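The structure tokens that follow cover one protein chain in two forms, given apart as structure 1 and structure 2.
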Structure 1
């Protein structure tokens, strides 16, 4: 009874997340296809994505439970096909701002993806269901990265054709969302629900901040003329680590009633220690290994957080809880990015940035490590 919704949802996730053109977005926009200068891309186009994402995260989490999750998944599919038909056939800055608006709509609707399944599956299959859907997305992303790299390098394929392949993938993903079965008809009071949400908000803010400066750190540590290939390979390998880590959460048999905190504390230290390893160490290989541990360790916890939050929800407010925690994550990221990186703030270089990122995650582990009063 739990097989059909899981299968179709995981097919939709895999096909939607498999987009080869993602790693080659900046080269595509500034390349000979559009010629959007670096200043334009970095100042008038990309920032629009954050604000559209933040604004559209409000209706999504306010109205994803009332209208059942399917409607939102279908809207996400339609938004995907327009982000990419406008990236394929869009020229100008205004058109790219509109594409960033539609991509903010796309990414703000992902709450319905992770909230839908618990509304159609029995509670006893919340553990297995949680792992599969998270893993299929990471496996899809790594597959897309590898395919794009091989095609560009070993076959000489222009970025336009990577965009065409991603468009086909997202269209095939949308074609599946029309078959998902339709479900049938202040919750933070619980400590377990609330405290897994506190990690979600703060930890997710730090994660998305690191991802934008890992590669710059590698350039600073080991300046090389072939760093581009090594940069891509490590990113794809790091994601595959998350896929196996998230998949193992829903496969290995363990009692999560008493191991809920222990995993949070134990694996919250690993995320701080790994970041301290990237910044401090001079070896570039150990810096590659630190990134794997950091990404895979985090993807392990986001699977338990979603599984454990949904277990303790008395009401069927899955999109509300998931959508408020991802909204506050953007709030922390946006405010904390201005303080640290933006010239208006501190203007820290990449050399010392990861001591703040590693120290930021150290506090998060500190709060949970200190939850012992005797």
Structure 2
């Protein structure tokens, strides 16, 4: 039944996201292995990832549905191999840019990885499956992180081997993705109006609009929570205590995602209530991080924020899948991801870039909490307006 494709896809997503080198990516390509200055990693290497993410998300949400979601996943596996192979044996900024390009391809195809399982299972299993899928990915990171940390705090193991373990991990994911069952079958301006027929559910727009905006803020919170912690703790407080909390935080998210998969809840009526409650929870957690000058309170707030958001995004993906009534699973997920990435890029340009506002970290998280509070209030207003 649903078990075979779900188990294979969950194993692929576990072994493709169990990446021990990700927590120590910055030390890896800034230490003695590459000898790359920190200026070149954030101004010439990292933005290539976002650019490639945009220009490779376009083909994904345009082409994934027609190719029936497996070739994009397979392309994701073969882009994992190229990315980590070039990270292993790459020198200089030029090949790091190619690494970032292939990583952008990897994430653009992660969109198709998320859509694939809905393309193959019956709508009756769209809920359970949903959580499970997200769950393994989140859990994968935790495992990788903890493994990496153990492999640094129990074996004195260098980052090169750690990265080759990451490559071996994603190589196994490619072989698992080879075994995925193939989903069954089924001017340019006309295509656009088809998009209109795709969003006519009038319940998907609500969930997609939350997705387009809440993940745009969530990724920025994810990127800058490390800097927030490093700013709210000048005494000791090394990466071990941070990169570690990051793992446990996402572990909670994994549980939350799996919770959506495992509890029998009729999300048709409780979807909007869950959205408003957990969005105000997201806002309260973000304000908890900024306001309190206690790193334990900020850690708890980040755990709450990641857990709440992971549960909410699992509910969003599930409710978009069931209420889609068209085959365009990757079109909606891909468009939602691309719009969120565009919003994230624009708002990080205006708020935190040296040219937009150069807004310092503490009031930057104040801004992020206010943004999530605005999102919560917008959806809270709808419940009042439908009552």
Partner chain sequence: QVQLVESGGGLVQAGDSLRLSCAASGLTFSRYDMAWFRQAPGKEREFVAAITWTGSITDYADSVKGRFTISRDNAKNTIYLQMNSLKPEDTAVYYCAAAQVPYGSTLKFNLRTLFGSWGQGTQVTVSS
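For the two forms, the rigid core is made up of the largest set of C-alpha atoms that agree within 1.5 Å on superposition. Positions refer to the first chain, counted from 1.
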**OP:** Only one of the two shown forms is the form solved in complex with the partner chain, so please name it by number.
**Re:** 1
Original post:
For residue 92, what C-alpha shift in Å results between the two structures following superposition on the rigid core?
Top reply: 1.0
Original post:
Can you give the CA shift of residue 109 between the two structures, in Å, with the two forms fit on their core?
Top reply: 0.6
**OP:** Once the rigid core is superposed, tell me how far the Cα of residue 219 moves between the two structures, in Å to one decimal.
**Re:** 2.2
